[PDB]
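S.K.: As input, take model.txt (compact mmCIF, C-alpha atoms and all ligand atoms):
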# COMPACT_ATOMS: atom_id res chain seq x y z
CA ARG V 5 71.52 72.34 -7.18
CA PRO V 6 74.69 73.91 -8.60
CA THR V 7 77.45 75.40 -6.49
CA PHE V 8 77.31 79.20 -6.20
CA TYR V 9 80.08 81.73 -5.63
CA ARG V 10 79.94 85.35 -4.41
CA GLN V 11 81.56 88.60 -5.48
CA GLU V 12 80.95 92.35 -5.21
CA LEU V 13 80.73 94.27 -8.50
CA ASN V 14 80.15 98.04 -8.29
CA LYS V 15 78.69 97.99 -4.78
CA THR V 16 76.37 95.01 -5.49
CA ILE V 17 76.78 91.44 -4.26
CA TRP V 18 76.41 88.85 -7.04
CA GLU V 19 75.92 85.19 -6.07
CA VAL V 20 75.78 82.98 -9.18
CA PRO V 21 76.38 79.36 -10.28
CA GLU V 22 79.94 78.36 -11.17
CA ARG V 23 78.99 77.93 -14.85
CA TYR V 24 78.99 81.76 -15.24
CA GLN V 25 82.52 83.22 -15.40
CA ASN V 26 84.33 86.54 -15.99
CA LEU V 27 81.45 88.75 -14.85
CA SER V 28 81.79 92.36 -16.09
CA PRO V 29 79.30 95.16 -15.29
CA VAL V 30 77.51 96.58 -18.33
CA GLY V 31 74.86 98.90 -16.87
CA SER V 32 72.65 99.73 -13.91
CA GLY V 36 68.34 96.11 -11.86
CA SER V 37 72.01 95.78 -12.75
CA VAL V 38 73.32 93.84 -15.76
CA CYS V 39 76.65 92.02 -16.15
CA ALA V 40 78.19 90.31 -19.18
CA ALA V 41 79.59 86.82 -18.60
CA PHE V 42 80.80 83.64 -20.31
CA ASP V 43 78.52 80.61 -19.93
CA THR V 44 80.66 77.44 -19.79
CA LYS V 45 77.61 75.18 -20.28
CA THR V 46 76.38 76.60 -23.62
CA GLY V 47 79.54 78.43 -24.69
CA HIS V 48 77.58 81.67 -25.28
CA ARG V 49 78.49 85.10 -24.06
CA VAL V 50 75.46 86.04 -21.94
CA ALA V 51 73.81 88.94 -20.14
CA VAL V 52 72.89 88.35 -16.46
CA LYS V 53 70.33 90.71 -14.88
CA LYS V 54 69.88 90.88 -11.10
CA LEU V 55 66.49 92.36 -10.24
CA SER V 56 66.56 95.22 -7.72
CA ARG V 57 64.21 94.85 -4.72
CA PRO V 58 61.91 92.40 -6.55
CA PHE V 59 59.42 92.00 -3.67
CA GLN V 60 59.46 95.41 -1.93
CA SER V 61 55.75 96.15 -2.57
CA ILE V 62 52.64 94.54 -4.07
CA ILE V 63 53.21 96.48 -7.31
CA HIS V 64 56.87 95.45 -7.53
CA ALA V 65 56.18 91.80 -6.64
CA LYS V 66 53.47 91.56 -9.31
CA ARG V 67 55.85 93.21 -11.80
CA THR V 68 58.55 90.61 -11.04
CA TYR V 69 56.06 87.79 -11.67
CA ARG V 70 54.85 89.49 -14.88
CA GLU V 71 58.37 89.76 -16.36
CA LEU V 72 59.28 86.15 -15.52
CA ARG V 73 56.00 84.78 -16.98
CA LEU V 74 56.53 86.76 -20.19
CA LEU V 75 60.17 85.71 -20.68
CA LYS V 76 59.44 82.03 -19.95
CA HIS V 77 56.80 82.00 -22.70
CA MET V 78 58.77 83.50 -25.61
CA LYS V 79 60.15 80.84 -28.05
CA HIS V 80 60.72 82.61 -31.41
CA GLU V 81 63.78 83.52 -33.53
CA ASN V 82 62.99 87.25 -33.56
CA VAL V 83 62.16 87.58 -29.82
CA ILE V 84 64.39 87.47 -26.74
CA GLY V 85 64.66 84.00 -25.19
CA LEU V 86 65.37 83.00 -21.60
CA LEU V 87 68.49 80.82 -21.25
CA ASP V 88 68.26 80.49 -17.44
CA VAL V 89 66.67 81.87 -14.26
CA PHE V 90 68.11 81.18 -10.80
CA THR V 91 68.13 82.12 -7.11
CA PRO V 92 70.77 81.31 -4.47
CA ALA V 93 67.99 80.61 -1.95
CA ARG V 94 67.49 77.02 -0.81
CA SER V 95 63.84 77.45 0.27
CA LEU V 96 60.89 79.81 -0.07
CA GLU V 97 61.68 81.14 3.40
CA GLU V 98 65.05 82.67 2.38
CA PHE V 99 63.95 83.64 -1.16
CA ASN V 100 64.84 87.28 -1.85
CA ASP V 101 66.80 87.56 -5.15
CA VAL V 102 65.98 86.72 -8.79
CA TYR V 103 68.54 86.52 -11.65
CA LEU V 104 67.69 86.26 -15.39
CA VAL V 105 70.02 85.13 -18.22
CA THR V 106 69.86 85.65 -22.01
CA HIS V 107 72.18 85.81 -25.02
CA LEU V 108 74.46 88.85 -24.92
CA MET V 109 73.44 91.54 -27.40
CA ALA V 111 74.24 96.37 -30.53
CA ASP V 112 70.79 97.94 -30.82
CA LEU V 113 69.08 99.49 -33.82
CA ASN V 114 69.93 102.97 -32.50
CA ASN V 115 73.60 102.32 -33.23
CA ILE V 116 73.22 101.04 -36.80
CA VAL V 117 70.62 103.69 -37.68
CA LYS V 118 72.87 106.59 -36.66
CA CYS V 119 76.15 105.07 -37.89
CA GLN V 120 75.38 103.27 -41.17
CA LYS V 121 74.08 103.77 -44.70
CA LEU V 122 71.13 101.39 -45.04
CA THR V 123 69.99 100.22 -48.45
CA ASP V 124 66.33 99.55 -49.17
CA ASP V 125 67.23 95.85 -48.90
CA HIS V 126 68.40 96.45 -45.32
CA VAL V 127 65.12 98.19 -44.45
CA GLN V 128 63.11 95.33 -46.00
CA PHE V 129 64.95 92.68 -43.96
CA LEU V 130 64.91 94.58 -40.65
CA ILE V 131 61.22 95.53 -40.76
CA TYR V 132 60.31 92.00 -41.98
CA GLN V 133 61.92 90.53 -38.84
CA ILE V 134 60.14 92.98 -36.50
CA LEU V 135 56.78 92.05 -38.04
CA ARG V 136 57.58 88.30 -37.95
CA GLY V 137 58.26 88.59 -34.22
CA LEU V 138 55.19 90.80 -33.67
CA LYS V 139 52.89 88.29 -35.42
CA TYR V 140 54.06 85.71 -32.85
CA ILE V 141 53.70 88.08 -29.87
CA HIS V 142 50.23 89.27 -30.92
CA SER V 143 49.01 85.71 -31.55
CA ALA V 144 49.35 85.11 -27.77
CA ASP V 145 47.28 88.28 -27.07
CA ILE V 146 50.38 90.07 -25.72
CA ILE V 147 50.91 93.80 -26.42
CA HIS V 148 54.55 94.97 -26.31
CA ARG V 149 53.70 98.67 -25.65
CA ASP V 150 57.31 99.94 -25.79
CA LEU V 151 58.73 99.28 -29.27
CA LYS V 152 61.56 101.73 -30.15
CA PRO V 153 65.09 101.40 -31.62
CA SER V 154 66.85 100.83 -28.27
CA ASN V 155 64.59 97.80 -27.62
CA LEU V 156 65.64 96.03 -30.86
CA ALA V 157 68.91 94.06 -30.81
CA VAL V 158 70.82 93.52 -34.07
CA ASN V 159 73.91 91.41 -34.85
CA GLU V 160 76.61 91.63 -37.54
CA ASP V 161 74.50 89.63 -40.04
CA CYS V 162 71.51 92.04 -39.69
CA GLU V 163 69.50 89.52 -37.63
CA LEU V 164 67.08 91.14 -35.17
CA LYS V 165 65.38 90.33 -31.83
CA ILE V 166 62.64 92.20 -29.94
CA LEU V 167 63.18 92.69 -26.18
CA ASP V 168 62.20 94.80 -23.14
CA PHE V 169 58.44 94.24 -23.14
CA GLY V 170 56.45 97.04 -21.53
CA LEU V 171 55.75 96.10 -17.91
CA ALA V 172 53.46 99.10 -17.22
CA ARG V 173 56.29 100.74 -15.28
CA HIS V 174 57.08 103.90 -17.29
CA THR V 175 56.17 107.03 -15.33
CA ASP V 176 54.81 110.41 -16.40
CA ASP V 177 58.15 112.13 -15.75
CA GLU V 178 59.98 109.56 -17.90
CA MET V 179 57.74 110.65 -20.81
CA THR V 180 58.09 114.44 -20.38
CA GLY V 181 59.78 116.79 -22.85
CA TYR V 182 62.15 116.16 -25.79
CA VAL V 183 62.67 112.44 -25.13
CA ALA V 184 62.88 109.26 -27.24
CA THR V 185 60.82 107.45 -24.57
CA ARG V 186 57.69 109.09 -26.12
CA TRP V 187 58.52 109.61 -29.83
CA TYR V 188 57.38 106.09 -30.89
CA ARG V 189 54.08 105.95 -28.91
CA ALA V 190 50.67 105.81 -30.58
CA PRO V 191 48.65 109.05 -30.21
CA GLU V 192 45.70 107.34 -28.49
CA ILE V 193 47.86 106.12 -25.59
CA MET V 194 50.22 109.10 -25.36
CA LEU V 195 47.28 111.13 -24.02
CA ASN V 196 45.28 108.14 -22.66
CA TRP V 197 42.44 108.68 -25.15
CA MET V 198 41.15 105.11 -25.13
CA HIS V 199 41.47 101.56 -23.90
CA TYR V 200 44.25 100.57 -26.28
CA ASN V 201 45.00 97.23 -27.95
CA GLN V 202 47.72 95.57 -30.04
CA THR V 203 47.36 98.12 -32.88
CA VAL V 204 49.54 100.54 -30.87
CA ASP V 205 52.57 98.38 -31.68
CA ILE V 206 51.97 98.78 -35.45
CA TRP V 207 52.11 102.58 -35.04
CA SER V 208 55.53 102.17 -33.42
CA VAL V 209 56.74 99.98 -36.31
CA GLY V 210 55.71 102.73 -38.76
CA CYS V 211 57.72 105.30 -36.79
CA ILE V 212 60.79 103.02 -36.78
CA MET V 213 60.53 102.21 -40.51
CA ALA V 214 60.29 105.93 -41.40
CA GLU V 215 63.45 106.62 -39.36
CA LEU V 216 65.37 103.81 -41.12
CA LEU V 217 64.43 105.28 -44.52
CA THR V 218 65.27 108.95 -43.76
CA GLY V 219 67.84 108.74 -40.96
CA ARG V 220 65.68 111.14 -38.87
CA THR V 221 63.11 110.81 -36.08
CA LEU V 222 59.60 110.98 -37.59
CA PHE V 223 57.81 112.78 -34.68
CA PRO V 224 60.48 114.37 -32.39
CA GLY V 225 58.10 116.42 -30.27
CA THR V 226 59.35 118.77 -27.55
CA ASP V 227 56.37 117.72 -25.35
CA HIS V 228 53.09 115.76 -25.58
CA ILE V 229 51.22 118.62 -27.31
CA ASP V 230 53.97 119.49 -29.80
CA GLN V 231 54.19 115.79 -30.72
CA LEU V 232 50.42 115.53 -31.30
CA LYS V 233 50.62 118.58 -33.62
CA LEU V 234 53.42 116.93 -35.64
CA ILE V 235 51.37 113.73 -35.93
CA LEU V 236 48.13 115.41 -37.04
CA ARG V 237 49.94 117.52 -39.64
CA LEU V 238 51.11 114.30 -41.37
CA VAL V 239 48.03 112.06 -40.98
CA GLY V 240 45.23 114.68 -40.74
CA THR V 241 42.89 115.74 -37.95
CA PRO V 242 40.23 113.17 -36.98
CA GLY V 243 36.77 112.78 -38.47
CA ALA V 244 33.58 112.41 -36.42
CA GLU V 245 33.81 108.61 -36.57
CA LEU V 246 37.11 108.56 -34.69
CA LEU V 247 36.07 111.37 -32.31
CA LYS V 248 33.11 109.27 -31.08
CA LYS V 249 35.59 106.59 -30.01
CA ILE V 250 37.44 108.92 -27.58
CA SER V 251 35.99 108.22 -24.15
CA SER V 252 37.25 111.30 -22.29
CA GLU V 253 35.17 114.38 -23.08
CA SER V 254 38.16 116.50 -22.03
CA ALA V 255 40.36 115.01 -24.77
CA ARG V 256 37.53 115.22 -27.32
CA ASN V 257 37.11 118.88 -26.37
CA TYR V 258 40.77 119.70 -26.95
CA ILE V 259 40.92 117.95 -30.35
CA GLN V 260 37.98 119.98 -31.66
CA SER V 261 39.80 123.20 -30.75
CA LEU V 262 42.39 122.51 -33.48
CA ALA V 263 42.06 123.81 -37.04
CA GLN V 264 41.25 120.99 -39.43
CA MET V 265 44.09 119.62 -41.63
CA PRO V 266 44.07 117.04 -44.45
CA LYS V 267 46.37 114.05 -44.64
CA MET V 268 49.64 114.88 -46.44
CA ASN V 269 51.00 113.15 -49.57
CA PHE V 270 53.52 110.56 -48.27
CA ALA V 271 55.36 110.38 -51.62
CA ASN V 272 56.29 114.06 -51.11
CA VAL V 273 57.36 113.42 -47.48
CA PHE V 274 59.49 110.32 -48.13
CA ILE V 275 61.22 111.59 -51.26
CA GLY V 276 63.03 108.92 -53.25
CA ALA V 277 61.81 105.92 -51.24
CA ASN V 278 60.62 102.65 -52.80
CA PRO V 279 56.94 103.22 -53.75
CA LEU V 280 56.09 99.95 -52.00
CA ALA V 281 57.69 101.26 -48.78
CA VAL V 282 55.57 104.42 -49.05
CA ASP V 283 52.41 102.33 -49.52
CA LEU V 284 53.16 100.24 -46.43
CA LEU V 285 53.82 103.36 -44.31
CA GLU V 286 50.44 104.78 -45.37
CA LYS V 287 48.77 101.59 -44.08
CA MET V 288 50.62 101.59 -40.72
CA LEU V 289 50.39 105.31 -39.83
CA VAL V 290 46.60 105.62 -39.75
CA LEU V 291 45.11 107.76 -36.97
CA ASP V 292 42.08 105.47 -36.44
CA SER V 293 43.61 102.38 -34.83
CA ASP V 294 40.74 100.11 -35.99
CA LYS V 295 41.93 100.68 -39.59
CA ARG V 296 45.69 100.08 -39.29
CA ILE V 297 47.22 97.02 -41.01
CA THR V 298 47.94 94.05 -38.70
CA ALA V 299 51.28 92.25 -38.43
CA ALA V 300 49.92 89.14 -40.19
CA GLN V 301 48.52 91.27 -43.04
CA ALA V 302 51.75 93.30 -43.34
CA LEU V 303 53.92 90.17 -43.80
CA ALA V 304 51.96 89.52 -47.04
CA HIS V 305 52.56 93.05 -48.45
CA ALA V 306 54.57 93.18 -51.68
CA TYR V 307 57.39 95.16 -50.02
CA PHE V 308 58.53 91.88 -48.35
CA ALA V 309 58.23 89.66 -51.45
CA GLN V 310 61.81 88.41 -51.29
CA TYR V 311 61.54 87.32 -47.61
CA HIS V 312 57.88 86.30 -47.03
CA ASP V 313 57.28 82.58 -46.43
CA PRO V 314 53.87 81.75 -44.90
CA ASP V 315 55.13 78.29 -43.88
CA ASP V 316 57.94 79.84 -41.76
CA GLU V 317 56.10 82.60 -39.84
CA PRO V 318 54.95 80.72 -36.72
CA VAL V 319 52.38 81.62 -34.07
CA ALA V 320 52.65 81.22 -30.29
CA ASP V 321 51.20 78.78 -27.77
CA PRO V 322 48.31 80.32 -25.77
CA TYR V 323 49.34 82.61 -22.88
CA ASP V 324 47.15 82.76 -19.74
CA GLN V 325 47.08 86.35 -18.40
CA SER V 326 44.31 85.87 -15.83
CA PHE V 327 46.76 86.79 -13.06
CA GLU V 328 46.59 90.40 -14.29
CA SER V 329 43.11 90.87 -12.79
CA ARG V 330 43.99 88.95 -9.60
CA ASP V 331 44.47 90.63 -6.22
CA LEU V 332 47.09 88.95 -4.02
CA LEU V 333 49.36 89.69 -1.07
CA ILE V 334 53.12 90.23 -1.45
CA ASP V 335 53.97 86.80 -0.04
CA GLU V 336 51.50 85.20 -2.48
CA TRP V 337 53.08 86.90 -5.50
CA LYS V 338 56.49 85.89 -4.12
CA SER V 339 55.46 82.24 -3.79
CA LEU V 340 54.05 82.18 -7.35
CA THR V 341 57.37 83.60 -8.58
CA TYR V 342 59.38 81.00 -6.63
CA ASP V 343 57.33 78.19 -8.22
CA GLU V 344 58.18 79.56 -11.69
CA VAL V 345 61.92 79.77 -10.91
CA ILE V 346 62.16 76.16 -9.76
CA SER V 347 60.09 74.70 -12.64
CA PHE V 348 62.15 76.38 -15.39
CA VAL V 349 63.26 73.97 -18.11
CA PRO V 350 66.18 75.22 -20.26
CA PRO V 351 66.02 75.22 -24.06
CA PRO V 352 67.81 72.40 -25.98
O1 LIG V 401 63.67 91.82 -22.16
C1 LIG V 401 63.73 91.78 -20.93
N1 LIG V 401 62.62 91.76 -20.03
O2 LIG V 401 61.43 91.93 -20.65
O3 LIG V 401 64.90 91.73 -20.24
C2 LIG V 401 66.09 91.75 -21.02
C3 LIG V 401 67.16 90.94 -20.30
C4 LIG V 401 66.80 89.66 -19.91
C5 LIG V 401 67.73 88.86 -19.25
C6 LIG V 401 69.01 89.34 -18.99
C7 LIG V 401 69.37 90.62 -19.39
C8 LIG V 401 68.44 91.42 -20.05
CL CL V 402 77.39 75.59 -12.27
CL CL V 403 67.80 84.79 -2.37
CL CL V 404 65.10 104.41 -28.60
CL CL V 405 39.11 124.47 -39.26
CL CL V 406 49.99 80.21 -20.12
MG MG V 407 65.19 99.07 -23.12
What do you get writing this file as structure tokens?
Ligand SMILES: O=C(NO)OCc1ccccc1
Ligand SMILES: [Cl-]
Ligand SMILES: [Cl-]
Ligand SMILES: [Cl-]
Ligand SMILES: [Cl-]
Ligand SMILES: [Cl-]
Ligand SMILES: [Mg+2]
M.R.:
Amino acid sequence: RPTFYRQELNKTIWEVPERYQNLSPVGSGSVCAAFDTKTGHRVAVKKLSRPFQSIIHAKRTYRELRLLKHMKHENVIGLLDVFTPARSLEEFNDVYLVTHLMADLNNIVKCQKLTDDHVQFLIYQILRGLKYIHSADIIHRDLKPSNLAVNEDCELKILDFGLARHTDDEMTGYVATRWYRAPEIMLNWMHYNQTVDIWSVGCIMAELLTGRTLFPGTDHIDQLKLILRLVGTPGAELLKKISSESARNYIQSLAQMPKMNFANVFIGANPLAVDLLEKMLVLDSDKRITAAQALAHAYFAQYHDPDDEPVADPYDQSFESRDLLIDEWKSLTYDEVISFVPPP
């Protein structure tokens, strides 16, 4: 067990191993930047807030730690360390997580002129990471520019997996928290699957090409109208698949519209980029291109290498259907903290 030291940073006590030095608050869990004397990296350290206050929160803590411990891919966040100052399960109350210190895609999109070559490389990396994530039967659920980290050499990592914690108020009005969401989950039409992430990638790619949000709706209904004007109103095949009669009823109240011509929307873009967007932004989720299929599209010809696009080890999510007490979720979490093995 390493030696820990204590300090108070913006009204929060931080108790961390000596290896982490020069802690500096970055945002409010709370996150601090630090220097890691063991690896020599600048790192981000996140202290979870009230990790075991309720059954829902305790299960959410376990979910985040299980996800981060599994991810071992160049284009996905990796866990450098996880620690607690507690010396036994009985005094266990705090969880700290450590990763490489990150700019996001929001900054470079608003501040830079991106060539088509930049768009190719950035979207290629998102899809390479998504192929890995989806191969473990994980759905991200919350892909958007602020959850994509980018460095000076245009290298990209996916982070901030959806933990099923975003509330209805967080998604209300003219907000980027909703602009990248698939239509079928924005209104809870259906039991969704991994195809919702491909819709988000299409929204991000459009924004890189034009510099503008694709579907900046002022509320849920305005956003649906913007979406259907581009991709067309649904046919009877897709309407069947909508379980709620209430949502089926509302859709049929709308005047029918055909799909627009994407070459006249995305004026001047690479024709291969337009073709890929048409295959991502399909209303019927069964018919969208998958991440593995998209990596083989001709738009990525200068980067695609099928011997260097790896898949993930299997990921057991049976805990998600399990009903446990707070102390039982807490003990499962403690076991995962103490068994952590750092990367090479
Ligand atoms: O991506 C996630 N959770 O899914 O957290 C990001 C993160 C992890 C560790 C330290 C700071 C920030
Ligand atoms: Cl130490
Ligand atoms: Cl503790
Ligand atoms: Cl964003
Ligand atoms: Cl009509
Ligand atoms: Cl597993
Ligand atoms: Mg985020």
S.K.: Hey, which bits of range 150-180 of chain V sit within 9 Å of range 73-88 of chain V, and for each residue what's the closest pair of atoms and how far apart in Å (one decimal), counting all atoms listed in the file, rows by chain and increasing number, as a Markdown table?
M.R.:
| residue | atom | partner | partner_atom | distance |
| --- | --- | --- | --- | --- |
| V:157 | CA | V:84 | CA | 9.0 |
| V:163 | CA | V:82 | CA | 8.0 |
| V:164 | CA | V:82 | CA | 5.9 |
| V:165 | CA | V:82 | CA | 4.3 |
| V:166 | CA | V:83 | CA | 4.6 |
| V:167 | CA | V:84 | CA | 5.4 |
| V:168 | CA | V:84 | CA | 8.5 |
| V:169 | CA | V:74 | CA | 8.3 |
S.K.: Let me have all residues with an atom within 10 Å of ligand CL 405 (chain V), counting all atoms listed in the file, laid out as an mmCIF file with C-alpha atoms, in the coordinates of the input.
M.R.:
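Full text of part_0.cif as output:
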data_model
loop_
_atom_site.group_PDB
_atom_site.id
_atom_site.type_symbol
_atom_site.label_atom_id
_atom_site.label_comp_id
_atom_site.auth_asym_id
_atom_site.auth_seq_id
_atom_site.Cartn_x
_atom_site.Cartn_y
_atom_site.Cartn_z
ATOM 1 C CA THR V 241 42.890 115.740 -37.950
ATOM 2 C CA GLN V 260 37.980 119.980 -31.660
ATOM 3 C CA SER V 261 39.800 123.200 -30.750
ATOM 4 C CA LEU V 262 42.390 122.510 -33.480
ATOM 5 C CA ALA V 263 42.060 123.810 -37.040
ATOM 6 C CA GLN V 264 41.250 120.990 -39.430
ATOM 7 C CA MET V 265 44.090 119.620 -41.630
#
S.K.: Counting all atoms listed in the file, what is within 12 Å of residue 309 in chain V, bar same-chain residues fewer than 4 positions away, as a VMD selection string?
M.R.: chain V and resid 125 128 to 129 132 280 to 281 302 to 305 313 to 314
S.K.: Output the selection as a short mmCIF file (atom, residue, chain, number, x, y, z; two decimals), keeping the file's coordinate frame - C-alpha atoms for each residue.
M.R.:
data_model
loop_
_atom_site.label_atom_id
_atom_site.label_comp_id
_atom_site.auth_asym_id
_atom_site.auth_seq_id
_atom_site.Cartn_x
_atom_site.Cartn_y
_atom_site.Cartn_z
CA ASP V 125 67.23 95.85 -48.90
CA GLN V 128 63.11 95.33 -46.00
CA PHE V 129 64.95 92.68 -43.96
CA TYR V 132 60.31 92.00 -41.98
CA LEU V 280 56.09 99.95 -52.00
CA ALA V 281 57.69 101.26 -48.78
CA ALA V 302 51.75 93.30 -43.34
CA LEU V 303 53.92 90.17 -43.80
CA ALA V 304 51.96 89.52 -47.04
CA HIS V 305 52.56 93.05 -48.45
CA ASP V 313 57.28 82.58 -46.43
CA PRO V 314 53.87 81.75 -44.90
#
S.K.: Neighbouring residues of range 332-341 of chain V were defined as those with any atom within 12 Å, considering only C-alpha atoms; residues of the same chain fewer than 2 positions away were excluded. Please report them as a PyMOL selection string.
M.R.: chain V and resi 57-73+76+89-91+95-103+327-330+343-348
S.K.: Keeping C-alpha atoms for every residue in the selection just given, could you write it to a file as a PDB file, in the frame of the given file?
M.R.:
ATOM      1  CA  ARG V  57      64.210  94.850  -4.720  1.00  0.00           C
ATOM      2  CA  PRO V  58      61.910  92.400  -6.550  1.00  0.00           C
ATOM      3  CA  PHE V  59      59.420  92.000  -3.670  1.00  0.00           C
ATOM      4  CA  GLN V  60      59.460  95.410  -1.930  1.00  0.00           C
ATOM      5  CA  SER V  61      55.750  96.150  -2.570  1.00  0.00           C
ATOM      6  CA  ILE V  62      52.640  94.540  -4.070  1.00  0.00           C
ATOM      7  CA  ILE V  63      53.210  96.480  -7.310  1.00  0.00           C
ATOM      8  CA  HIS V  64      56.870  95.450  -7.530  1.00  0.00           C
ATOM      9  CA  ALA V  65      56.180  91.800  -6.640  1.00  0.00           C
ATOM     10  CA  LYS V  66      53.470  91.560  -9.310  1.00  0.00           C
ATOM     11  CA  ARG V  67      55.850  93.210 -11.800  1.00  0.00           C
ATOM     12  CA  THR V  68      58.550  90.610 -11.040  1.00  0.00           C
ATOM     13  CA  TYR V  69      56.060  87.790 -11.670  1.00  0.00           C
ATOM     14  CA  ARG V  70      54.850  89.490 -14.880  1.00  0.00           C
ATOM     15  CA  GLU V  71      58.370  89.760 -16.360  1.00  0.00           C
ATOM     16  CA  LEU V  72      59.280  86.150 -15.520  1.00  0.00           C
ATOM     17  CA  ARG V  73      56.000  84.780 -16.980  1.00  0.00           C
ATOM     18  CA  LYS V  76      59.440  82.030 -19.950  1.00  0.00           C
ATOM     19  CA  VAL V  89      66.670  81.870 -14.260  1.00  0.00           C
ATOM     20  CA  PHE V  90      68.110  81.180 -10.800  1.00  0.00           C
ATOM     21  CA  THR V  91      68.130  82.120  -7.110  1.00  0.00           C
ATOM     22  CA  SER V  95      63.840  77.450   0.270  1.00  0.00           C
ATOM     23  CA  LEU V  96      60.890  79.810  -0.070  1.00  0.00           C
ATOM     24  CA  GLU V  97      61.680  81.140   3.400  1.00  0.00           C
ATOM     25  CA  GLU V  98      65.050  82.670   2.380  1.00  0.00           C
ATOM     26  CA  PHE V  99      63.950  83.640  -1.160  1.00  0.00           C
ATOM     27  CA  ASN V 100      64.840  87.280  -1.850  1.00  0.00           C
ATOM     28  CA  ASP V 101      66.800  87.560  -5.150  1.00  0.00           C
ATOM     29  CA  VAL V 102      65.980  86.720  -8.790  1.00  0.00           C
ATOM     30  CA  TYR V 103      68.540  86.520 -11.650  1.00  0.00           C
ATOM     31  CA  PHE V 327      46.760  86.790 -13.060  1.00  0.00           C
ATOM     32  CA  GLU V 328      46.590  90.400 -14.290  1.00  0.00           C
ATOM     33  CA  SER V 329      43.110  90.870 -12.790  1.00  0.00           C
ATOM     34  CA  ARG V 330      43.990  88.950  -9.600  1.00  0.00           C
ATOM     35  CA  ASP V 343      57.330  78.190  -8.220  1.00  0.00           C
ATOM     36  CA  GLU V 344      58.180  79.560 -11.690  1.00  0.00           C
ATOM     37  CA  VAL V 345      61.920  79.770 -10.910  1.00  0.00           C
ATOM     38  CA  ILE V 346      62.160  76.160  -9.760  1.00  0.00           C
ATOM     39  CA  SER V 347      60.090  74.700 -12.640  1.00  0.00           C
ATOM     40  CA  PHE V 348      62.150  76.380 -15.390  1.00  0.00           C
TER      41      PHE V 348
END
S.K.: What residues have any atom no more than 8 Å from ligand CL 406 (chain V) when counting all atoms listed in the file, and can you list them as a compact mmCIF listing (two decimals) with C-alpha atoms, keeping the file's coordinate frame?
M.R.:
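What ended up in selection.txt:
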# COMPACT_ATOMS: atom_id res chain seq x y z
CA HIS V 77 56.80 82.00 -22.70
CA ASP V 321 51.20 78.78 -27.77
CA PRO V 322 48.31 80.32 -25.77
CA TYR V 323 49.34 82.61 -22.88
CA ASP V 324 47.15 82.76 -19.74
CA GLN V 325 47.08 86.35 -18.40
S.K.: V:173, V:142, V:237, V:295: which is nearest ligand LIG 401 (chain V), counting all atoms listed in the file?
M.R.: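 Checking each candidate against ligand LIG 401 (chain V), we get V:173 as the closest.
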S.K.: List the neighbours of range 45-48 of chain V out to 9 Å using all atoms listed in the file; skip same-chain residues closer than 3 positions along the sequence, and give me the result as a list in words.
M.R.: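 That gives residues 23, 24, 41, 42, 107 and 108 of chain V.
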S.K.: Would you mind listing what lies within 7 Å of range 215-220 of chain V as a ChimeraX atom specification, with only C-alpha atoms counted and same-chain residues fewer than 6 positions away left out?
M.R.: /V:117-118,127
S.K.: For the atom pair CA of residue 151 in chain V and CA of residue 55 in chain V, what is the interatomic distance in Å to one decimal place?
M.R.: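 Taking CA of residue 151 in chain V and CA of residue 55 in chain V, their separation equals 21.7 Å.
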S.K.: Neighbours of residue 185 in chain V within 12 Å (all atoms listed in the file; same-chain residues fewer than 3 positions away dropped), as a CSV table (one decimal) with C-alpha atoms, in the frame of the given file?
M.R.:
chain,number,residue,atom,x,y,z
V,149,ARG,CA,53.7,98.7,-25.6
V,150,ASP,CA,57.3,99.9,-25.8
V,151,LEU,CA,58.7,99.3,-29.3
V,152,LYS,CA,61.6,101.7,-30.2
V,153,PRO,CA,65.1,101.4,-31.6
V,154,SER,CA,66.8,100.8,-28.3
V,155,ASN,CA,64.6,97.8,-27.6
V,170,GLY,CA,56.4,97.0,-21.5
V,174,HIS,CA,57.1,103.9,-17.3
V,175,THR,CA,56.2,107.0,-15.3
V,176,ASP,CA,54.8,110.4,-16.4
V,177,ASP,CA,58.2,112.1,-15.8
V,178,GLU,CA,60.0,109.6,-17.9
V,179,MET,CA,57.7,110.6,-20.8
V,180,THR,CA,58.1,114.4,-20.4
V,181,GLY,CA,59.8,116.8,-22.8
V,182,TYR,CA,62.2,116.2,-25.8
V,188,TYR,CA,57.4,106.1,-30.9
V,189,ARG,CA,54.1,106.0,-28.9
V,190,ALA,CA,50.7,105.8,-30.6
V,194,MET,CA,50.2,109.1,-25.4
V,208,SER,CA,55.5,102.2,-33.4
V,223,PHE,CA,57.8,112.8,-34.7
V,224,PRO,CA,60.5,114.4,-32.4
V,225,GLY,CA,58.1,116.4,-30.3
V,226,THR,CA,59.4,118.8,-27.6
V,227,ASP,CA,56.4,117.7,-25.4
V,228,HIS,CA,53.1,115.8,-25.6
S.K.: Grab me every residue within 6 Å of ligand CL 402 (chain V), counting all atoms listed in the file, and send it over as a list in words.
M.R.: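 The residues within 6 Å of ligand CL 402 (chain V), counting all atoms listed in the file, are residues 6, 7, 21, 22 and 23 of chain V.
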S.K.: Show me the residues close to (45.6, 109.4, -24.7) - anything with an atom within 12 Å, counting only C-alpha atoms - and format the list as a list in words.
M.R.: residues 189, 190, 191, 192, 193, 194, 195, 196, 197, 198, 199, 200, 204, 228, 229, 232, 249, 250, 251, 252, 253, 254, 255, 256, 258 and 259 of chain V
S.K.: Which one is closest to ligand CL 403 (chain V): V:93, V:146, V:39, V:319? Count all atoms listed in the file.
M.R.: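 The closest residue to ligand CL 403 (chain V) is V:93.
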S.K.: CA of residue 269 in chain V and CA of residue 283 in chain V, how far apart in Å?
M.R.: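 Interatomic distance here is 10.9 Å.
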